[PDB]
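In: Below: the sequence, then the experimentally determined structure.
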Amino acid sequence: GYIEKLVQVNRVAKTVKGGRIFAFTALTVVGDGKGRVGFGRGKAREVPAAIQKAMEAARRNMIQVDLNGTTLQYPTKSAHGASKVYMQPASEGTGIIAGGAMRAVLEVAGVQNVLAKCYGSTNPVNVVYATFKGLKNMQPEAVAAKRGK
RNA sequence: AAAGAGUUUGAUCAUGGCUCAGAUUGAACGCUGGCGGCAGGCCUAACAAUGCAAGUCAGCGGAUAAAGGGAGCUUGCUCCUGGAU
């Protein structure tokens, strides 16, 4: 995936006898604009050594998203933890009218007509799982109900 | 014919409040002074100086007593055929 994109970077800490030892955590999304997306988390003592690990772990664990072509397939809802994410299609002139951590995942999947909205928790590491489960769980023609519709 | 940020922790996730960016207004107020068009203008409390509703002459009575036509004096003058308007 080649349109990588960082979302959030957080300075987290740990106490020992001496005091707070620090480490930076970066959450980063990796896509190709065609329906392939992973997300990755990594930690290091320095910022770019953790972004790299977030790039690394997001190039594995990537997923084929069964889109319709530049939009979502149907209006969908998903949730991981207290984070809850509603996503739908838009028509043709709309862009990414979602926002934040959902704006990155629904940019590097190559969708550009979203109209997504998140409720509950806005913590981006769970909003990213909650967008990731909405996208992993669609199907346009792979209904096993043996019909044409 | 539909976007979120900031802030409780040594760090975390959650619950939850606050704060913010936004659009509006019969606006006030702080800073200046170019214009035009179209609008809008006591949201508050009442007491009021001084200047806007009246037309129809088809109803009498007043006024004019036409200029005119005279008359008397003679163009000063009053009554008149009529007496207007």
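Out: That came in fine, so what should we check first? Numbers count the residues shown, from 1 in each chain, chains lettered A, B, ... in the order given.
In: Going by C-alpha atoms from here, please, whenever you check contacts or count neighbours.
Out: OK.
In: For the helix or strand encompassing residue A:37, name the packing helices and strands.
Out: Element membership for residue A:37, per DSSP states H and E: strand A:36-44. Applying 3 or more Cα pairs under 8 Å, 6 or more residues apart in numbering; DSSP states H and E, we find strand A:36-44 packed against strand A:20-31, helix A:47-59, strand A:62-64, helix A:101-108.
In: which stretch among these comes nearest residue A:133?
Out: strand A:62-64 (10.2 Å; Cα to Cα).
In: how's chain A carved up into domains?
Out: A:5-63, A:64-136 (curated CATH domains).
In: Dump the ones you listed into TSV; add mean neighbour count and distance to residue A:147 as well.
Out: Formatted as TSV, the domains of chain A follow (neighbours: other Cα atoms under 10 Å; distance: least, Cα to Cα, whole Å):
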stretch	mean neighbour count	distance to residue A:147
domain A:5-63	18	25
domain A:64-136	19	18
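In: In CSV: the ones you listed, plus distance to residue A:145.
Out: Listed next are the domains of chain A as CSV, based on distance: least, Cα to Cα, whole Å:
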stretch, distance to residue A:145
domain A:5-63, 24
domain A:64-136, 17
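In: Over to residue A:77. Which of the three states is it?
Out: Three-state assignment for residue A:77 (DSSP: H, G, I helix; E, B strand; the rest coil): strand.
In: Pull up the gap between it and RNA strand B, please.
Out: Taking Cα to the nearest atom of the strand, to the nearest Å as the measure, residue A:77 falls 11 Å from RNA strand B.
In: Likewise for residue A:105?
Out: Residue A:105 is 13 Å from RNA strand B, where distance means Cα to the nearest atom of the strand.
In: you'd agree that residue is up against residue A:40?
Out: No - if you go by Cα atoms under 8 Å, residue A:105 and residue A:40 don't touch, sitting 11.4 Å apart.
In: Thanks a lot, see you next time.
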